[PDB]
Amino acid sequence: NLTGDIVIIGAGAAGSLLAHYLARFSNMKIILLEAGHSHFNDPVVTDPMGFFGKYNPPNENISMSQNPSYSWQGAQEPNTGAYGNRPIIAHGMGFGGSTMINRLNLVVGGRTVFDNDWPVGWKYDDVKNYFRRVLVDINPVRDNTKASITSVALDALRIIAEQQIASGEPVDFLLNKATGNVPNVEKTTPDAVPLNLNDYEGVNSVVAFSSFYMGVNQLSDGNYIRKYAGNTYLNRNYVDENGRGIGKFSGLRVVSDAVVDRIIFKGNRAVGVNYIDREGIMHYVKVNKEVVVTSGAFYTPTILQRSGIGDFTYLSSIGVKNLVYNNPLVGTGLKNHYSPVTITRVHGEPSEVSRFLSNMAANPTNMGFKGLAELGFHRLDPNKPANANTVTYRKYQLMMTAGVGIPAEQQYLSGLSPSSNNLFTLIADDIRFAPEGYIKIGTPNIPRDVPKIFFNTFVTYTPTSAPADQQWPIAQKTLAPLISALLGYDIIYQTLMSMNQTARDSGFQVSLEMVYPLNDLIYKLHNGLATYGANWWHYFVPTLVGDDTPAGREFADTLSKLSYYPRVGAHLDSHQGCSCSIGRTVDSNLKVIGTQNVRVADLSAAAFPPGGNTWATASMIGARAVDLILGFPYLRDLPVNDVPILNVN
């Protein structure tokens, strides 16, 4: 059988990177266990456009994140904040985990969230060199096609940014503390310099730009290949077809189609690991030094819980025999991001409209994204952190795509066809998403697609009999996600209306109408914000206001009608994390509290969600785990011209 010093469970964004550099920088035997196998020869994965269904059979037309051959199908419990819906969120199953199946938008997350929401030792300056390593190993690219709509939008954001600065207000969504009075929006002059949202020093917290950075590389023939954690760190230059490491990496052994069951303990020391191989026969792996769990946000706590680490009372109740350490926090504090969708219609001469919307087609260097920004809090969000006026937090990720991004049922109901040549999509993604959830295993036997995953989003506040003033502080906290989602709509509404101006100024005979959610409803909202000011959101709870005006019943009704849209007209991001966070399940050194030699090194260990997509943070965490395990800053101090060399096969 196999015996190792370090056993790593899960070859995701964290596991791949962790295994790679541990083998390089030590002479220990590194054993990496993965539930799936490599997909280096699969065009659905290695062609970036595979994400959009280029290679889908027309009879089984499903994305990788809908496909059990490519992923874990994590079906959550009924969402009490979304009509009982049960969304299915995926973890990639294969070399590289979810980076094997994601949309490849690589985003650091910015300085502020690490300086403020992570503990000492995990502040932005403690992690920035590792983020730099994660980026240069991928070496991501920018959009190869400039679209007129991008510049018109950027020019629209600039005008708004100037108004917000000129007004002198303390907090608003285009303000950026590190750039002062100069609107931090990329210019549209002919040879303008790009603004980099991943800038090394974290200056660009709030920033508007023309391009994200995509995880693809160009091959000699001009085609693009997916550049993910899988083929960057486990390609054939480093790991052969039998899974044995090569050369300086020969201590590494990578087991494919190996589904891990439990960590076996002696006292509070892990000494072995279970897994079922591709034939369905169970094997034992002996452990000499450490076990590192990197199985993703949904499934890392399930491994710990199946292993005897969690709420003893609960774990006993479903039949876990061998209990190890009692910590009720295992699996709690699950966070995510959330993207409510908006649709816009372009009016005007068909030829002028076709011109205005040109160059937006998805290709590998943009994956569909034509902008736009990382934005801050709306001035009227009552739930800002205390120091939001002295440091600039990230709140919204503003993305613009072509086409109609609402689900098919919403397309039917709204009358908005994906084949109209005059519609496009704006999304204000909440990346400081208030809701919190938890994960519990339902059975002790085997790893399952579906543990109990509780995650309630846009819940309602039920009024009590107490005086109103005693209720508002509780309601403000409960309604926190509805409030942020609706204000994101107002941000897009503002943007669209300046675009009406900057589009004419750029010579386009067009005008724009927000059509999803209803233009009529959004207008009323915008007006409501100006009429009722800081406390507009009280009308989510109409009975406690006692405004018996025709105008008051009407705004309360508008908020009611609008509360529908973030519930069904949205796409839950697949950015789940924090379910075993630092200070709750593991300590500052990623060691699982209560054990001698178990660590967690994936996104489940994260103290707080990064301000943006989550791939970069995941690989960053595994990267720091490399130096923590070796006891020297090998990875932090590695020069930036030293990268893994890509082998496509």
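Heads up: residue numbers just count along the shown sequence, starting at 1.
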Original post:
With respect to the recorded C-alpha B factors, which stretch has the higher mean value, 273-281 or 357-365?
Top reply: 273-281
Subject >> 334-342 or 464-472, whichever carries the higher mean Cα B-factor >> reply: 464-472
Original post:
When you compare the CA B-factors of 322, 184, 456, 105 as listed in the entry, which one comes out on top?
Top reply: 322
Original post:
Highest Cα B-factor in the deposition, which of 440, 132, 253, 378?
Top reply: 253
Subject >> Position of residue 242 among the chain's modelled residues by C-alpha B-factor, lowest, middle or highest third >> reply: highest
**OP:** Rank-wise, by C-alpha B-factor, drop residue 508 into the lowest, middle or highest third of its chain.
**Re:** highest
Subject >> Assigned third (lowest, middle, highest) for the C-alpha B factor of residue 52 >> reply: middle
Subject >> Chain thirds of CA B-factor: placement of residue 579 >> reply: middle
Subject >> Cα B factor band for residue 81 (lowest, middle or highest third within the chain) >> reply: lowest
